[PDB]
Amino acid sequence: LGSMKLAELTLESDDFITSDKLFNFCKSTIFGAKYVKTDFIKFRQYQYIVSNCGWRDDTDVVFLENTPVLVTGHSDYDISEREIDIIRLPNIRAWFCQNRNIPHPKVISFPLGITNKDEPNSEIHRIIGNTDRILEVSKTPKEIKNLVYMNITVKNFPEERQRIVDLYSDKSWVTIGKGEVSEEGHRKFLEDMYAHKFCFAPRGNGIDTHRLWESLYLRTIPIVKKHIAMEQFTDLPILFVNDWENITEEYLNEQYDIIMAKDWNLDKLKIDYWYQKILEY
């Protein structure tokens, strides 16, 4: 009903999606959702019994046969056919997950969103988890320097990321950013991203990527390869590509005009949407 254009996006400091906010939300057992780090699903030693085993100081044993809402994240691991036995539990009303990798209506994707700043005793997390710096940049005048921003660690998924660097590095309509994860390097990254219409947001070790959401919060269009993990985000202004070949200035100019003209479900970018989505169970 209240959909809007990407350029009309406004953010408050608590809007930003992080996995910590959903984990934190689920800590209040009143809301009837159990949060399990995906590793404890993949390497379960019982078919239907799992535990966070002291992750986030949570040592509760979870009986999935008596769990109405399951939420998994804080892991590059996906939910796939290997978890079909858990999905088929008649008692489970919904499975909210990062990296959905099975076309099952019970399994609901949620955005990876931004790095968890509170990740105990981690400098990198403290830096690139700063949502205040995202909010800060998002309120400055958006002045476009170029068409597409490129700043990716190729090593993390080279079959896609190597093609992007090899094909597009030398284009006049591409701006390269050097990887720097200092507090100044992170600010520079966000300011660079903000000053482009698009950024390359290829998948990494995990299918979902922080860069995808960082781009959208800065009202920049992320370019992402089509994947079942992304199939529930088609109502966000993401440019979904079949492959990484034959991206041209004329192609992106046209896609910019089409995407910026449409209305999008931008409330999906705000954590309150996913609180309410869980609260519906």
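Start at 1 and count along the sequence shown; that's the residue number.
Look at the C-alpha B-factors of 157-165 and of 115-123. On average they run higher in 115-123. Judged by mean Cα B factor in the deposited record, 30-38 ranks above the other of 30-38 and 218-226. Per the deposited record, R187 carries the highest C-alpha B-factor of all listed residues (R211, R203, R187, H196). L239: CA B factor in the lowest third of modelled residues in this chain (values from the PDB entry). For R100, the recorded CA B-factor ranks within the middle third of the chain. Only modelled residues enter the ranking. In this PDB entry, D170 carries a Cα temperature factor that places it within the middle third of its chain's modelled residues. Split the chain's modelled residues into thirds by C-alpha temperature factor. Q45 is in the middle one. In the PDB entry, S75 places in the lowest third of its chain by CA B-factor.
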